[PDB]
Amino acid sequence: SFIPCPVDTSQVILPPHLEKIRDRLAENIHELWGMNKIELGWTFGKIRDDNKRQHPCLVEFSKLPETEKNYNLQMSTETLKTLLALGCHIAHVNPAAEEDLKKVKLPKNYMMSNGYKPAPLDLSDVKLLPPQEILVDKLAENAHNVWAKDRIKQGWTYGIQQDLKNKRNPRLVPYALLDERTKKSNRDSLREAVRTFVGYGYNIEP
């Protein structure tokens, strides 16, 4: 009895100039995913093995399989279209920002056997304004409805234990019922996404 209804973006055109930031956002978001998984004990693997914690997507964003790469780009585009659908304006302010933009140097033990070492953008200094933090909460919750909707449209349903064969997932629940740990992790991701706009010189203002 779950009806995820994301913010309607069906009438939003993504201006051609925002396609770079769109690409930037997806890449940096992916790096965070890899760092988080490595920190959860995951390591590279040609094929996914939960018992061993091998993941084929622990590579650079480019080397990602097309099905997995395109998903990250579509979600990235929907994030920007969701901002636009919410009345926000996205315009480039500080062009030199991308110049003094440095990645995070993670310990050497973070490099996988596959040679991939995650290097997300160090955006710690980017302090978000109280209004921007509200936007993050919206994007976070709405990100969950977007994921859920797609998963439901592809034959997925709730289950107590995730089952790749049965297309069942315990997180297919309304945002309110979701575990706070996951909800917080998602907000953190969206928070970095909003920071990626600042760190790249763009201004996010309604």
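Rigid core (definition): largest C-alpha set, two forms, superposition within 1.5 Å. Quick note: we count residues from 1 along the sequence shown, nothing fancier.
Student: Quick one: with the core lined up, is it 26-34 or 170-178 that wanders further in 8 other deposited structures of this protein, going by C-alpha RMS?
Tutor: Between 26-34 and 170-178, greater C-alpha deviation in 8 other deposited structures of this protein belongs to 170-178.
Student: Taking RMS over all structures and residues, which stretch has CA atoms farther from the shown form in 8 other deposited structures of this protein, 77-85 or 94-102, after a rigid core fit?
Tutor: Checking 77-85 against 94-102 in 8 other deposited structures of this protein, I find the farther stretch is 94-102.
Student: On average, are the C-alpha B-factors higher in 120-128 or in 76-84?
Tutor: The recorded data point to 120-128.
Student: Tell me which stretch has the larger mean Cα B-factor in this entry, 32-40 or 170-178.
Tutor: Comparing 32-40 with 170-178, the higher mean C-alpha B-factor belongs to 32-40.
Student: Highest Cα B-factor in the deposition, which of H144, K153, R48, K138?
Tutor: Going by the entry's C-alpha B-factors, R48 comes out highest.
Student: C-alpha B factor of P206, ranked within the chain: lowest, middle or highest third?
Tutor: According to the entry, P206 has a C-alpha B-factor in the chain's highest third.
Student: Of the three thirds of its chain by CA temperature factor, lowest, middle or highest, which one includes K149?
Tutor: For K149, the deposited C-alpha B-factor lands in the lowest third.
Student: Check where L164 lands among this chain's C-alpha B-factors and tell me if it's the lowest, middle or highest third.
Tutor: Its C-alpha B-factor, which the entry lists for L164, ranks in the highest third among residues of this chain.
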